[PDB]
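If you read the sequences in order, they're chains A and B. In this text, residue positions in the first sequence follow the authors' numbering: the first is 1, and each later residue adds one. In this text, residue positions in the second sequence follow the authors' numbering: the first is 0, and each later residue adds one. Quick notes on the structure that follows.
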Amino acid sequence: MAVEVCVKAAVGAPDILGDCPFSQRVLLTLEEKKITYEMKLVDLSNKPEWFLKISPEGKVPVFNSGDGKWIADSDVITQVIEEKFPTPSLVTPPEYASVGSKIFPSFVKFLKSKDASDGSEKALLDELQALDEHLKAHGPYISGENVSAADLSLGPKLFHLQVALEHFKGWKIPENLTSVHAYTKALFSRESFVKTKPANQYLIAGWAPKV
Amino acid sequence: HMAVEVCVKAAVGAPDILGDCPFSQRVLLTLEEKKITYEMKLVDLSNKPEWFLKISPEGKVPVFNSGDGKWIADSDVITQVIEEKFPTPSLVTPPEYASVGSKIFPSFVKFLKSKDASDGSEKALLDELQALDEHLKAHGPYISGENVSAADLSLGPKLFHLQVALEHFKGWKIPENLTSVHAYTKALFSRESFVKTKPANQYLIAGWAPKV
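See the structure below:
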């Protein structure tokens, strides 16, 4: 009956909240909807039996809306939360549902880039330039003055971009992208972001093996 | 296969805040006016990183990359290369007026550093400001008429330094009777590109303070 979420813990630290942008988008949704929930943590390098009972395929995040039935995939979970707890509404107009869609994959490529001439920096910057033009013309958030589902999905992605790219590449989202900087500052300073984000330490620790 | 980038001076102790370099500002104004997609990379010169040390080994700013991997120094060179690679919109200033106000920045620094009022540094600055007023009254509102050009983007940031520092350290102003210089200054400093790249007064004052 009680809402439960299972999210990624740090490797070797089953009691420390991990760097999953998908899990964090789910956490941001429950925080913004003001739902009371139990947050379970899982170290996938040492999966406990309770985790394998609720997630037989080892998927994270998993969500239990209070019916004992666990469901996977962040797109699915957030939309089931929107359907079951519709107020406060977090619906993003379909018109803007794909703003910033190429930013996360662009980031990972440039983070992994060992070649300073494969066009990966330029590609990420062009995606960030588009985001800036959108935010410039359409409120502080993706859908105007109010936060919506697109923000809760993009936010963790841009947060990973900010922390991992600074640590690994010494690269920052350029300050001339004033609209993305206004967005970043507002999104991250919301009580929901402050209560659900990983520490920079464990965001960097979570990407280090992949770099 | 590279992004358009520029390394510029950051505020001291604030690597995510733009600083007081008028030459970096000129390049920044050029990139903004041309509407080019670019990334400004901030460099605190009091804490120079190794990524900056590589691109610009002599530790100088601004340095520019148009997307070819070739780091170019000197704002005179940079703004002209930007004009060649991206001619539209045009910022070409007619050669007739390309050197209008070229003596003002060194006369400002000379007068600011001056302790002796009999130096001639003050009078020399005045004559140049007076000369600028006449040119701007005849060929204004900008150095080349109704629209901004390269000369305005070079002179603009220099005039802002003169205005802030001379007021701060001496209580000195560009005489109000220079109505065209004042109209030009009001117009330049209010443009989007200028509002955006205009340094906070303290950065500029704290920079000149040791030199004064």
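Backbone N, C-alpha and C fix where the C-beta goes; we use that ideal spot for every residue, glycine too.
Residue ranges of uninterrupted beta strand (DSSP E) with 3 or more members are absent from the region 149-211 of chain A; none lies entirely inside it. Exclusion of the five residues before and after residue 65 of chain B leaves 3, 80 and 84 as the residues of its chain whose Cβ lies within less than 7 angstroms of its Cβ. For residue 118 of chain A, the secondary structure class from DSSP, reduced to helix, strand or coil, is coil.
When DSSP reads this structure, residue 5 of chain A sits in a beta bridge with A:39 and A:63. Residue 17 of chain A: not part of any alpha helix (DSSP H); member of the beta strand (DSSP E) spanning 13-17, first to last residue. Considering only beta carbons, the part of the region 44-55 of chain B lying closer than 7 angstroms to chain A consists of 48 and 50, in chain order.
Spanning the alpha carbons of residue 208 of chain A and residue 15 of chain A requires a straight line of approximately 20 angstroms. Three or more beta-carbon pairs separated by less than 8 angstroms link the region 96-106 of chain B to the region 123-133 of chain B, which places the two stretches in contact. In this structure the region 147-159 of chain B touches the region 187-199 of chain B; the number of beta carbon pairs closer than 8 angstroms is three or more. For residue 36 of chain B, the neighbours in chain A by C-beta distance under 8 angstroms run, in chain order, 125, 126 and 129.
Residue pairing from DSSP places residue 72 of chain A in a beta bridge opposite A:62. At a cut-off of 9 angstroms, the C-beta of residue 116 of chain A has a neighbouring C-beta in chain B.
Between the C-alpha atoms of residue 44 of chain B and residue 123 of chain B there is a straight-line separation of about 32 angstroms. Setting aside the 5 residues that flank it on each side, residue 24 of chain B is surrounded in the same chain by 156 and 196, each with a C-beta closer than 6 angstroms to its C-beta; the list follows chain order. Excluding the 5 residues flanking it on each side, residue 55 of chain A has same chain C-beta neighbours closer than 6 angstroms at 62, in chain order. Contact annotation for residue 15 of chain B against chain A: 172 and 175 [CB-CB distance below 8 angstroms, chain order]. Cβ contact annotation for residue 177 of chain A (same chain, cutoff 8 angstroms, sequence separation greater than five): 128, 129, 131 and 132, in chain order.
Of the residues assessed, residue 76 of chain B falls on the exposed side of the cut-off, its CB having fewer than 16 other CB atoms within 10 angstroms. Residue state for residue 10 of chain B is assigned as strand, using DSSP reduced to three classes.
For residue 91 of chain A, there is no enclosing alpha helix (DSSP H), as DSSP marks it with neither H nor E.
In the three-state reduction of the DSSP assignment, residue 96 of chain B falls in the coil class.
Contacts with chain A at 9 angstroms (Cβ-Cβ) include residue 2 of chain B. Residue environment for residue 115 of chain B: exposed (fewer than 16 other C-beta atoms within 10 angstroms of its C-beta). DSSP lists A:141 as the beta-bridge partner residues of residue 144 of chain A.
Here residue 18 of chain A is buried. Its C-beta has 16 or more other C-beta atoms within 10 Å. The beta carbon of residue 180 of chain B sits closer than 7 angstroms to the beta carbons of 128, 131, 132, 135 and 173 from its chain, once the five residues preceding and following it are set aside; these are given in chain order.
For residue 171 of chain B, the closest alpha carbon among the candidates B:0, B:110, B:89 and B:151 is that of B:110.
Within the model, the alpha-carbon separation for residue 51 of chain A versus residue 51 of chain B is close to 47 angstroms.
Among the residues of chain A, those whose CB is under 9 angstroms from the CB of residue 40 of chain B are 171, 172 and 174, following chain order. Straight through space, the alpha carbons of residue 0 of chain B and residue 120 of chain A are spaced by roughly 8 angstroms. The C-alpha of residue 182 of chain A is placed about 16 angstroms away from the C-alpha of residue 39 of chain B.
For the C-beta of residue 119 of chain A, the chain B residues within less than 7 angstroms are, from N- to C-terminus, 0.
Collapsing the DSSP output to three states places residue 85 of chain A in coil. Going by beta carbons, residue 60 of chain A and residue 112 of chain A fall outside the 9 angstroms limit. Straight-line spacing of the CA atoms in residue 48 of chain B and residue 22 of chain A works out to 34 angstroms. Contact annotation: residue 11 of chain A and residue 139 of chain A have beta-carbon atoms that are not nearer than 9 angstroms.
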